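Each remark here refers to the structure printed beneath this line.
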There are 4 protein chains.
Amino acid sequence: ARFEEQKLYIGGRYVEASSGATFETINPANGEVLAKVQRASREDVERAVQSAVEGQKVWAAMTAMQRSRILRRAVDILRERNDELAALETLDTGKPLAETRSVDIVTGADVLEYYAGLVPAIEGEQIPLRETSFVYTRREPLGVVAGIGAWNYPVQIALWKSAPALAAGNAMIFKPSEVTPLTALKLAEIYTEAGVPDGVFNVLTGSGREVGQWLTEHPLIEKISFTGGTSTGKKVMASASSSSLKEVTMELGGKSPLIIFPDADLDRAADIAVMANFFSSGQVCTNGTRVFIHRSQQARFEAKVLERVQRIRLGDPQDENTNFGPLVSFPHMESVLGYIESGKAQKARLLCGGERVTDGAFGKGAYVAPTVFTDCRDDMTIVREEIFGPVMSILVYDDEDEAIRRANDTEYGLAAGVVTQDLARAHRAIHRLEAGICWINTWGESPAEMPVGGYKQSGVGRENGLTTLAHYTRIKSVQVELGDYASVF
Amino acid sequence: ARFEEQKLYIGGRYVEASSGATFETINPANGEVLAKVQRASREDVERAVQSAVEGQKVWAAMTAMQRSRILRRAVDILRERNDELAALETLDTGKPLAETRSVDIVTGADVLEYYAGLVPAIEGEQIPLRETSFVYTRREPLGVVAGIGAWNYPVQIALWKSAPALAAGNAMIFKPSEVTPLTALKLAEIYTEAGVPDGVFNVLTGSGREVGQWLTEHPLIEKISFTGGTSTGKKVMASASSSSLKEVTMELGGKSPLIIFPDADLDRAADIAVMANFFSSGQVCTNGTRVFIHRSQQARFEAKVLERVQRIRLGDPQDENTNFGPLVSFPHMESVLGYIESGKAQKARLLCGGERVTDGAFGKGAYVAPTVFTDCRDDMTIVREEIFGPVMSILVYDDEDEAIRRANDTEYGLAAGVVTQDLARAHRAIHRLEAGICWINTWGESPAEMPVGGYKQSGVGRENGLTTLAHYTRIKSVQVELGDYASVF
Amino acid sequence: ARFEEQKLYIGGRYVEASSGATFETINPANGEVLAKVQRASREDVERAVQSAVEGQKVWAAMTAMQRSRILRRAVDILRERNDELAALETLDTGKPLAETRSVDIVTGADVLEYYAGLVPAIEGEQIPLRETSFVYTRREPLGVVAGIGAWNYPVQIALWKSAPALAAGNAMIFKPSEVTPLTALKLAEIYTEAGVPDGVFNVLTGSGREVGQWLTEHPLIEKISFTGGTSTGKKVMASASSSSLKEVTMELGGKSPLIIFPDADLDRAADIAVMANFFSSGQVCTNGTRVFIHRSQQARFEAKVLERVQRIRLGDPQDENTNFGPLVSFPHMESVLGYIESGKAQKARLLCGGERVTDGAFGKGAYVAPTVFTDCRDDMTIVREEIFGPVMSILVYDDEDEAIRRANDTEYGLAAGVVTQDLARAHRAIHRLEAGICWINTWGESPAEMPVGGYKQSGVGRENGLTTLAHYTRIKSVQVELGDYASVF
Amino acid sequence: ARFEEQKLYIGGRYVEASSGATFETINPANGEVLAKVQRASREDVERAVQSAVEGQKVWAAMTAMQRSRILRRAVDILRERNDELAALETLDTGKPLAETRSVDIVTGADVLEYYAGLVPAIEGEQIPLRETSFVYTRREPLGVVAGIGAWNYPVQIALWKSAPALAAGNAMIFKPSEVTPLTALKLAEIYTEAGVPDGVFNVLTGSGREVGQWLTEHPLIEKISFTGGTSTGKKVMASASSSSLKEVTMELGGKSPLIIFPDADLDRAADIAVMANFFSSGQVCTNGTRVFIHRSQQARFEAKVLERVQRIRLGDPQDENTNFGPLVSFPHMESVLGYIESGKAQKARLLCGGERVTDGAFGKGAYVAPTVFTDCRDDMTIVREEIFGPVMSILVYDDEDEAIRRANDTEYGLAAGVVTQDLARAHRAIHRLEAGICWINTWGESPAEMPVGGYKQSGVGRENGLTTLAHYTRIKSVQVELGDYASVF
Ligand SMILES: [K+]
Ligand SMILES: [K+]
Ligand SMILES: [K+]
Ligand SMILES: [K+]
Ligand SMILES: [K+]
Ligand SMILES: [K+]
Ligand SMILES: [K+]
Ligand SMILES: [K+]
Ligand SMILES: [K+]
Ligand SMILES: [K+]
Ligand SMILES: [K+]
Ligand SMILES: [K+]
């Protein structure tokens, strides 16, 4: 293995698991074993819960500004170790260094930095009732919460969940994806160095069916935040509900539509469509995988997509010049290739790509070529289902109302976007699109201030923005009676 | 039957169900059959959903002030028909006319009135990112939502759920308890009379395991709001989750503590304790069923409680002089008597009542005497478990920290309260009590402005207050890019 | 006269002034004496203040919903009396019935309705400091406030000031313009009929130099809200400050620019330009009196403006078909004609109008033709100074940056607007314009929800929207210390 | 002189004034000339304005987080240089090192730190009107603003004014008191070193009647924030209004009441009263200079006050053991002694002090002993007027309503406090006190989160808290019309 054995992080240090079992994390670019990683047992979950209960008390007893300063110190460390953490994320995920060095830690720390400054701004309400009575609310910490991460942006997701949870005075137990456990453990080390109390951010490694479920079932955990697939999310939310009625945030899957209107800058439109499909090798939840183009512009648009796709630099993600890496794992590659074969079988027209890249060293990795299908139909499997790989589906439409109806005809509702130069059309279309994250003349930017999450089966709750901080607190209403009390008895 | 057969309410009128099945609603005061009530079929659920989808479009298309005026008109009608509706609620629930004429419709309409005024104040945010880009958010309706009511405050709970739903621009399908279906239908008529579009408030009658379940499973319903038992709430929330990842509000059970500190005026304390236990014959979710009294004041406190409980006027709820009616049903009375016998068996000292009242006409109704146990212990079944009847448990303590520790030692967290004249003690204690609804020197008041709901296994989300209106909307973030777009490809 | 003598309104009824002085209000269409009106003495101001102090206590002692219901009742009465008040406003101001029946009371009551619904939403904050201390704020009424009205929209201005004042729990003494006293007295009757307590809205008639000044100087008045000219506003605000440091709102003059970009539909641009200059005969503070047109569009634009100006229906404001009435007075007309003559003297090109209309019965009124100058230059008097009459100045520009710079080159900053179909240009340009009220592809609409007021010398503070209700309260911060107190002594 | 000639700070560096004139700043402990300081000319004011205009554009063009990080860097430097700055403040003000090292920079920096984290939280609103139109607001910087500081807390006031002004994207020109000009110049160096762009914080030294007036009259400055006496504030606010209608914040004088209720612990009451009168040698605007005690507890309270006053450690402010220093200046000392003599002449009973201290080296300084008058009456000059020195007035009352009425009977309204252990009375009494800053069972703490400012003639607007940041922005409302535009012409 490249690295030493990775252990559980509980109480400000690494501790041995008690399962007697490990799993391997693999580098998807070459099949190299990166590390053996311990599996947390049911007793380890209990241990992390008790540690979080005690640690949360220390954390909540500090002043708001003391918490703020500690989180700001964590941000400073993250900025300092940006390139080091980026190199690790690239090993674990296969995403290009060009991406990890500029996105993953940058934007994860951006959100932690944002919430760090807001700790003193967490306030309740005061409501007078009459001269002799008034109400005030408190926004108290939930206590111990759990985060369950996904494998596409491991440390970014860890930061986006832990930052508001910790800013709101909670302790979080975090379970990274079995596929990508490494950077989450580094984050825990950084929080401790920054001054976060022992127990406040603990990390348990292992599978979802076990460790994830033990967390979602635990009676002392007050909230679960999960990022991953919709089918899995339903199961997680159900377990969280039936066990102890936990509060939930779910950031799930999508089949987001990008509508290119006839008055769009077509070069901007093609830049947007390729960014919305092939960044992180197509493994982004918000990807615009159904691209709607007017019939009159189909040929011109295909030419523009083809030109951009042909110059994608697929390669070793450790090369600075690479902008397109392998997929995260060999099993994920198999799944994506299955969807590609489905697309061919249902007679979608293959424009670009469509197979595994095996030339030379690439045969050692999980590389799928950027793939574009056109002449697509709404009932096709590649159009209806999330592939979570580099596969764009181009759909022809004839009128604006039709495009919007078709865009909305899905159980998903994560993101949506339009490309048009018209003031009226831009806002009117976007207001009609049923998605939580809406982009006009752009795609993919997710500022710390902007709440993001899904409509419909794409999610519950939100992340980022002021609203998310409020949602990691629970409301206590206090009525103060200053006058008489009348009983009817 | 006292009244004609009750039909479903869909699309601004009554329609025939398609189940070919009915159930009865019984007057718990005298066992009389009040009405046959139709059971909705799965197809009737589909019918109600399609009606709601279309009606919601009409409703949302109006201006905010147009919706507000219509809701304010519904309020005016509710005030005008307060006594008539109260008469009906008393028949269906057995609650005293002195309660139904003063509380049920009064406080239900108060919440509708509150939200009616806030329709034009529902706003999103705007955030500048840079000269060339900004974000704005929209708070959009969820669309079609479903409310599932409880039997203790039928029309009030219908109003507390439907008011913020409609004010936020949604359509609601409401399922009242099988035990108490009558007033929800009247509310539906009133909304139509007020100018609410057909389909915006539909009412389906039937069972929780049938009609309730079909609503929680329906993929076009975006949110479920349920009030009822904690064990039932878990199944409901899990169903809502597993099916289509619906947003959820849960207002569930409690075993709420009332702590009487030694400096308290015992007359006020006794008044609060009695009000917190025997109002609506103890059928109130927020009731202060665990009463903590200091060892030095147990005797004096018990005397003041007995004094008050003795003059409780149990009787015909049709009598204005009555302040304590029968329970809502015979099976519930059976449940309550079961707990009372458990109290006796487990060595709790019986101070008041503890028997079914069967003299004269009371034998034909479901009357349980106001019951007080004392010398209780935390391990007793009557202390640990929600009874949802007129059974007060008095517990002795020795010091403040012990009292608060014991108050918090439950899986519940709905309400909590303290009685003390000391400024420091009042706020300090209340801040440590783990409940969503906290009262100082009072009990039971639930102003429209005050968000109410449970900590822990007592709930998810809140009702009333500004925050609840917010939670019947979904956030859409719109990023407007005014400048160039850079692609890495 | 047309009506009987109008007296002061103090304490829920009309009372005799103690000045022994009266003035006449005249119908500007025909010179008819409408009424003798009493002038408040210094003694009467004192009487109004004492009445307001006592009334404010009664009003503030009610619950929020009680105040809401009373303000909602006043709205109902205003809707009922809409046509009658419009008729009165038309007599007093000379504005066409077509305008007063659809704008003045409608939009005035719209704001009162808005704030009526918001009364229960006025809340303070709660901020925890540590375990042993927390802060809550109260948003308390200021107490007695004064509003000083303008003559162009008499009752709408009375409503826009009094509505948030009363909603926030204050009493207001209102001084309508000496030119237009009639509708303010009717509003006072209406508030009383709706249930507003005696003293909460008192009306004193008379001059700005006497009565207005005595209110602005009075030490028991806590806030002054003034609408009128910038020159006068400076003096009012200075007097409010030097007397007793009152809070202030000032809605003043403007020379607002309208920029028509070359991609604008010119029919729409001309419609906007004409509406922004000739509604209420050009007597609107927010009018777009500097109209910027690109050189390439100048000729076509002038032709389209000319077409519309030619079919403007000047005439008797009593005739429902009139859409352009006389000015408010002969001295005001003389001022406007002076500006028109300056325009001619300074070589601006006269496109339309430019003189008094005297034909037949029009000689008995103060009628000025809708006037358009073109080929204007930035240093012309008509371009630099507010005319407050029906005079449009059209200015040619060559590039976007130039237009925006010239638009901003004024001491005024009330409104600004752009007409363009381009998404990026619409927002980019508007973000750069230095005005409080900005319109894209429209002009003149002022929703109750939308805060309005001036940048620079056009205003201090805002009217309408949530923010304005807040500014009719004063913040009290309350720190509750629950723990020990440490002294250095 | 102890130090070199002090210059103006404009554009990120020191520059020579163009007046040809200087003034001296004197150490009040010993009369030593600390430095000659340049007087700014009218042309220097113009230079600072032009510098601020350009600097503000650079500052506002950064992202919110870029501004946040720079202000956070300034906080870090202030923390590093706390003791250094404290020592200079002690020289310039005479305040004890024990105070300046623990309060002045600590709490000034606390507010800068608070606002630094809030920069990304400044948001506008979004309001839908109908399908075809919506409004968004922007909170834009005012531009260039000016702050005029007072002499009692020179660097803290410079920070409390500049922090929200800079955080909101403005440049500020700051004019410290002529009495204490030294630390404001150091703050300017620190902002520059932290990365604040040249011109964003400029410092001009000189008199109030000259430099202060030239700033208040300048047409390019959009807001004035002034801290000082009420009499002076009226003139400053009037000049700001009459010149160009500037926005204003005024933090002015007080005669704040402290009410000690008869259930209060007299030791705690005495600690509060002494802290509320003698901290910073009585030179605090919010001081509780009118102390109300129940008639029956006057004797006992006087003895506890006398006990603590006798042990107050008056001395050299450079001695760490000193907790009470000389007054800020010899002319201020003379004013204070004049008030003391008025107290004697009006036959208030002198309990402690009441003389200048001249023993030994104290004779070279401006030392006035801690002074306590009792048997005071409401019509005495010392009770009516702000002394701004170490002079406590003790007043006997008989009932709560009387105490409150008397507490409120003043033109001032800055602060107020009550001492009581009773829950009801604490909140009831504090709700009735007409002051913006209210303390329960404490005095003097002013957390960054807590808005502070005066009712009545003690202020306009607020400092600190979320609300203050909002008041360093101006609201722009943008209405976007997406549909048709209708003209009446
Ligand atoms: K891996
Ligand atoms: K980017
Ligand atoms: K959902
Ligand atoms: K029943
Ligand atoms: K009640
Ligand atoms: K819960
Ligand atoms: K008139
Ligand atoms: K209109
Ligand atoms: K201004
Ligand atoms: K000095
Ligand atoms: K302190
Ligand atoms: K004031």
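Ligands are numbered from 1 in the order shown, chains are lettered A, B, ... in the order of the structure tokens, and residues start at 1 in each chain.
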
According to DSSP computed on the backbone, where in range 123-219 of chain C is there strand (DSSP E or B)? Give the residues as a CSV table (one decimal) with N, CA and C atoms, in the first residue's frame.
chain,number,residue,atom,x,y,z
C,124,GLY,N,-38.4,41.5,17.6
C,124,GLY,CA,-37.1,41.8,17.9
C,124,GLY,C,-36.2,40.6,17.8
C,125,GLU,N,-35.0,40.6,18.3
C,125,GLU,CA,-34.0,39.6,18.1
C,125,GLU,C,-33.7,39.0,19.5
C,126,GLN,N,-33.1,37.8,19.6
C,126,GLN,CA,-32.6,37.3,20.8
C,126,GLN,C,-31.2,36.8,20.6
C,127,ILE,N,-30.2,37.2,21.4
C,127,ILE,CA,-28.8,36.9,21.2
C,127,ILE,C,-28.2,36.3,22.5
C,128,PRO,N,-27.9,35.0,22.5
C,128,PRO,CA,-27.2,34.5,23.7
C,128,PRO,C,-25.8,34.9,23.7
C,129,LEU,N,-25.3,35.3,24.9
C,129,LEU,CA,-23.9,35.8,25.1
C,129,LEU,C,-23.1,34.6,25.7
C,130,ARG,N,-23.6,34.0,26.7
C,130,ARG,CA,-23.0,32.9,27.4
C,130,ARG,C,-24.1,32.3,28.2
C,133,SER,N,-25.9,34.8,30.5
C,133,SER,CA,-26.4,36.1,30.0
C,133,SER,C,-26.8,36.1,28.6
C,134,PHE,N,-27.9,36.8,28.3
C,134,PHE,CA,-28.4,36.9,26.9
C,134,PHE,C,-29.1,38.3,26.7
C,135,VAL,N,-29.2,38.6,25.4
C,135,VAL,CA,-29.8,39.9,25.0
C,135,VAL,C,-31.1,39.6,24.2
C,136,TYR,N,-32.1,40.4,24.5
C,136,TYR,CA,-33.2,40.5,23.5
C,136,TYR,C,-33.5,41.9,23.1
C,137,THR,N,-33.9,42.2,21.9
C,137,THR,CA,-34.3,43.5,21.5
C,137,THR,C,-35.8,43.6,21.5
C,138,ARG,N,-36.3,44.8,21.7
C,138,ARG,CA,-37.7,45.1,21.5
C,138,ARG,C,-37.8,46.2,20.4
C,139,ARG,N,-38.7,46.0,19.4
C,139,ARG,CA,-39.0,47.1,18.5
C,139,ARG,C,-40.2,47.9,18.9
C,140,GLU,N,-39.9,48.9,19.7
C,140,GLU,CA,-41.0,49.6,20.4
C,140,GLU,C,-41.5,50.8,19.5
C,141,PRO,N,-42.7,51.2,19.7
C,141,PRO,CA,-43.2,52.4,18.9
C,141,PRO,C,-42.3,53.6,19.3
C,144,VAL,N,-45.3,59.5,19.4
C,144,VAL,CA,-46.0,60.4,18.5
C,144,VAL,C,-45.1,60.8,17.4
C,145,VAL,N,-45.5,60.7,16.1
C,145,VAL,CA,-44.8,61.1,14.9
C,145,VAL,C,-45.6,62.1,14.1
C,146,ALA,N,-44.9,62.8,13.2
C,146,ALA,CA,-45.6,63.7,12.4
C,146,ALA,C,-45.4,63.4,10.9
C,147,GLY,N,-46.4,63.6,10.1
C,147,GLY,CA,-46.2,63.5,8.6
C,147,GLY,C,-46.7,64.8,8.0
C,148,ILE,N,-45.9,65.2,7.0
C,148,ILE,CA,-46.2,66.4,6.3
C,148,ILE,C,-46.4,66.1,4.9
C,171,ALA,N,-48.9,57.0,17.1
C,171,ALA,CA,-49.9,57.9,16.7
C,171,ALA,C,-49.2,58.9,15.8
C,172,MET,N,-49.9,59.3,14.7
C,172,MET,CA,-49.4,60.3,13.8
C,172,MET,C,-50.2,61.6,13.7
C,173,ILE,N,-49.6,62.7,13.8
C,173,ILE,CA,-50.2,64.0,13.5
C,173,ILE,C,-49.9,64.3,12.1
C,174,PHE,N,-50.9,64.5,11.2
C,174,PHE,CA,-50.6,64.7,9.8
C,174,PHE,C,-51.0,66.1,9.4
C,175,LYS,N,-50.1,66.7,8.6
C,175,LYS,CA,-50.3,68.1,8.1
C,175,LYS,C,-50.4,68.0,6.6
C,201,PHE,N,-54.7,59.2,15.0
C,201,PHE,CA,-54.5,60.0,13.7
C,201,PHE,C,-55.2,61.3,13.8
C,202,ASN,N,-54.5,62.4,14.0
C,202,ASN,CA,-55.0,63.7,14.1
C,202,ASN,C,-54.6,64.5,12.9
C,203,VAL,N,-55.4,65.4,12.4
C,203,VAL,CA,-55.1,66.1,11.2
C,203,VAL,C,-55.2,67.7,11.5

Item to complete: Give me the residues within 10 Å of range 205-217 of chain B as an MDAnalysis selection string, counting only C-alpha atoms and dropping any in the same chain fewer than 5 places off.
Response: chainID B and resid 6:9 17 21:23 37:46 48:49 145:149 173:182 184:185 222:226 232 235:246 248

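For range 125-167 of chain D, backbone-based DSSP assignment of helix (DSSP H, G or I) covers residues 154, 155, 156, 157, 158, 159, 160, 161, 162, 163, 164, 165, 166 and 167 of chain D.
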
Selection file, N, CA and C atoms, as a compact mmCIF listing (two decimals), in the first residue's frame:
# COMPACT_ATOMS: atom_id res chain seq x y z
N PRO D 154 -11.17 57.07 22.43
CA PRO D 154 -10.77 57.50 21.08
C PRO D 154 -10.63 56.37 20.07
N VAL D 155 -9.81 55.36 20.36
CA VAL D 155 -9.61 54.31 19.35
C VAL D 155 -10.80 53.34 19.27
N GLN D 156 -11.50 53.14 20.38
CA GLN D 156 -12.67 52.26 20.36
C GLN D 156 -13.75 52.87 19.48
N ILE D 157 -13.98 54.17 19.64
CA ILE D 157 -14.97 54.85 18.82
C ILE D 157 -14.55 54.87 17.35
N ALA D 158 -13.26 55.07 17.10
CA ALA D 158 -12.79 55.02 15.71
C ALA D 158 -13.08 53.65 15.09
N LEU D 159 -12.97 52.59 15.89
CA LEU D 159 -13.23 51.24 15.41
C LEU D 159 -14.73 50.96 15.26
N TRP D 160 -15.52 51.41 16.24
CA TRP D 160 -16.97 51.17 16.18
C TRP D 160 -17.64 51.90 15.02
N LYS D 161 -17.06 53.02 14.58
CA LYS D 161 -17.60 53.71 13.42
C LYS D 161 -17.03 53.16 12.12
N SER D 162 -15.72 52.94 12.09
CA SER D 162 -15.10 52.53 10.82
C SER D 162 -15.40 51.08 10.46
N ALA D 163 -15.57 50.21 11.47
CA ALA D 163 -15.81 48.79 11.18
C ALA D 163 -17.06 48.53 10.34
N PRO D 164 -18.24 49.01 10.78
CA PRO D 164 -19.40 48.76 9.91
C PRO D 164 -19.34 49.55 8.61
N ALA D 165 -18.74 50.74 8.62
CA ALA D 165 -18.65 51.53 7.40
C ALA D 165 -17.82 50.79 6.35
N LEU D 166 -16.64 50.31 6.76
CA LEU D 166 -15.79 49.55 5.82
C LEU D 166 -16.41 48.21 5.46
N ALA D 167 -16.99 47.52 6.44
CA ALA D 167 -17.58 46.21 6.17
C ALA D 167 -18.69 46.32 5.11

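When the distance limit is 12 Å and only C-alpha atoms are what count, the residues near residue 3 in chain D, minus those fewer than 3 positions from it on the same chain, are residues 6, 7, 24, 25, 26, 27, 32, 33, 34, 35, 36, 37, 88, 91, 92 and 182 of chain D.
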
Item to complete: For chain B, work out the contacting residues on chain A at 7 Å, counting only C-alpha atoms, and write them as a VMD selection string.
Response: chain A and resid 222 234 to 235 237 to 238 241 to 242 244 to 245 247 268 271 275 308 312 435 to 442 450 to 452 456 to 457 460 475 to 481 485 487 489

Let me see the file: selected residues, N, CA and C atoms, as a compact mmCIF listing (two decimals), in the first residue's frame.
# COMPACT_ATOMS: atom_id res chain seq x y z
N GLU A 222 -29.17 13.38 16.28
CA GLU A 222 -30.39 14.17 16.13
C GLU A 222 -30.69 14.57 14.69
N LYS A 234 -33.39 7.47 -0.26
CA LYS A 234 -34.71 7.12 0.25
C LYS A 234 -34.58 6.16 1.42
N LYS A 235 -33.69 5.19 1.27
CA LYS A 235 -33.49 4.19 2.30
C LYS A 235 -32.89 4.79 3.57
N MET A 237 -33.08 8.01 4.54
CA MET A 237 -34.07 8.88 5.17
C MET A 237 -35.14 8.07 5.90
N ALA A 238 -35.55 6.96 5.30
CA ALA A 238 -36.52 6.08 5.95
C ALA A 238 -35.98 5.49 7.25
N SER A 241 -35.86 8.09 9.90
CA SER A 241 -37.22 8.42 10.35
C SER A 241 -37.78 7.38 11.30
N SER A 242 -37.74 6.12 10.87
CA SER A 242 -38.37 5.04 11.63
C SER A 242 -37.63 4.75 12.93
N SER A 244 -35.61 7.06 15.03
CA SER A 244 -35.78 8.06 16.09
C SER A 244 -36.26 9.42 15.60
N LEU A 245 -36.86 9.47 14.41
CA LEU A 245 -37.44 10.72 13.89
C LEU A 245 -36.41 11.84 13.78
N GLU A 247 -34.03 14.75 12.18
CA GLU A 247 -34.09 15.77 11.14
C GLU A 247 -33.17 15.29 10.01
N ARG A 268 -21.07 30.11 -26.35
CA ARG A 268 -21.28 30.05 -24.90
C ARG A 268 -22.07 28.79 -24.56
N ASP A 271 -19.82 25.77 -24.71
CA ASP A 271 -18.92 25.79 -23.55
C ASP A 271 -19.66 25.33 -22.29
N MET A 275 -18.97 21.84 -20.15
CA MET A 275 -18.63 21.99 -18.74
C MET A 275 -19.67 21.30 -17.88
N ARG A 308 -15.20 20.97 -29.25
CA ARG A 308 -14.73 21.07 -27.87
C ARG A 308 -14.38 19.70 -27.28
N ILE A 312 -10.59 17.65 -25.59
CA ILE A 312 -10.50 17.30 -24.17
C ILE A 312 -9.20 16.52 -23.92
N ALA A 435 -36.48 23.07 -10.38
CA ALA A 435 -35.21 22.63 -9.81
C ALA A 435 -34.76 23.62 -8.77
N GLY A 436 -33.99 23.14 -7.79
CA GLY A 436 -33.51 24.00 -6.71
C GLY A 436 -32.32 24.88 -7.05
N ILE A 437 -31.55 24.47 -8.05
CA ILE A 437 -30.33 25.18 -8.43
C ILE A 437 -30.44 25.60 -9.89
N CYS A 438 -30.57 26.89 -10.14
CA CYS A 438 -30.88 27.36 -11.48
C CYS A 438 -29.83 28.33 -11.99
N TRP A 439 -29.32 28.06 -13.18
CA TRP A 439 -28.25 28.87 -13.75
C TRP A 439 -28.68 29.56 -15.05
N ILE A 440 -28.38 30.85 -15.18
CA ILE A 440 -28.63 31.56 -16.43
C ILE A 440 -27.31 31.94 -17.06
N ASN A 441 -27.08 31.45 -18.28
CA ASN A 441 -25.86 31.75 -19.05
C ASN A 441 -24.56 31.32 -18.38
N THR A 442 -24.66 30.29 -17.54
CA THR A 442 -23.52 29.72 -16.85
C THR A 442 -23.90 28.33 -16.37
N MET A 450 -24.98 30.74 -1.67
CA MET A 450 -26.14 30.29 -2.46
C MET A 450 -26.66 28.94 -1.98
N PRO A 451 -27.87 28.94 -1.39
CA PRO A 451 -28.41 27.65 -0.94
C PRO A 451 -28.64 26.73 -2.13
N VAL A 452 -28.20 25.48 -1.99
CA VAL A 452 -28.31 24.52 -3.08
C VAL A 452 -28.90 23.22 -2.58
N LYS A 456 -38.28 17.84 -5.51
CA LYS A 456 -38.77 16.50 -5.84
C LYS A 456 -37.85 15.38 -5.30
N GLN A 457 -37.49 14.40 -6.12
CA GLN A 457 -36.72 13.28 -5.59
C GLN A 457 -35.21 13.51 -5.60
N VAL A 460 -33.86 16.76 0.04
CA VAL A 460 -34.63 17.35 1.12
C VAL A 460 -33.67 18.30 1.81
N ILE A 475 -35.31 25.04 17.08
CA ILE A 475 -35.98 26.20 17.67
C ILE A 475 -36.63 25.86 19.01
N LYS A 476 -36.26 26.61 20.04
CA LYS A 476 -36.97 26.53 21.31
C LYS A 476 -37.74 27.82 21.49
N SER A 477 -39.05 27.72 21.70
CA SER A 477 -39.86 28.89 22.03
C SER A 477 -40.05 28.99 23.53
N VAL A 478 -39.73 30.15 24.09
CA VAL A 478 -39.88 30.40 25.51
C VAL A 478 -40.94 31.48 25.74
N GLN A 479 -42.08 31.12 26.33
CA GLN A 479 -43.04 32.16 26.70
C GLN A 479 -42.85 32.58 28.15
N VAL A 480 -42.72 33.88 28.36
CA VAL A 480 -42.50 34.42 29.69
C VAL A 480 -43.78 35.11 30.13
N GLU A 481 -44.47 34.52 31.10
CA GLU A 481 -45.68 35.13 31.64
C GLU A 481 -45.30 36.01 32.82
N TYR A 485 -52.12 34.12 36.05
CA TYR A 485 -52.47 32.92 35.32
C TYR A 485 -53.87 32.48 35.71
N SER A 487 -56.92 29.73 35.54
CA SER A 487 -57.33 28.36 35.30
C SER A 487 -58.84 28.32 35.20
N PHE A 489 -60.42 25.71 36.11
CA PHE A 489 -60.82 24.74 37.14
C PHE A 489 -60.84 25.32 38.55

Discussion item. Nearest residue to ligand 4 out of B:30, B:410, B:358, B:297, using only C-alpha atoms and all ligand atoms?
Written reply: B:30

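Note that CA of residue 77 in chain D and CA of residue 281 in chain D are 28.6 Å apart.
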
Discussion item. Residues within 12 Å of residue 90 in chain B, please, as number ranges by chain. Count only C-alpha atoms; anything in the same chain fewer than 5 positions from it doesn't count.
Written reply: B: 26-29, 34, 83-85, 95-105, 151-155, 180, 182-183, 280, 316-320, 322, 324-328

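Using only C-alpha atoms for every distance, the candidate list D:65, D:386, D:264, D:89 yields D:65 as the residue closest to residue 114 in chain A.
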
Worksheet item: Do you know which residues are at most 8 Å from residue 256 in chain D counting only C-alpha atoms, after dropping those on the same chain fewer than 3 positions away, and could you put them as a list in words?
Response: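 Close residues of residue 256 in chain D: residues 286, 287, 288, 289, 290, 407, 412, 413, 414, 415 and 416 of chain D.
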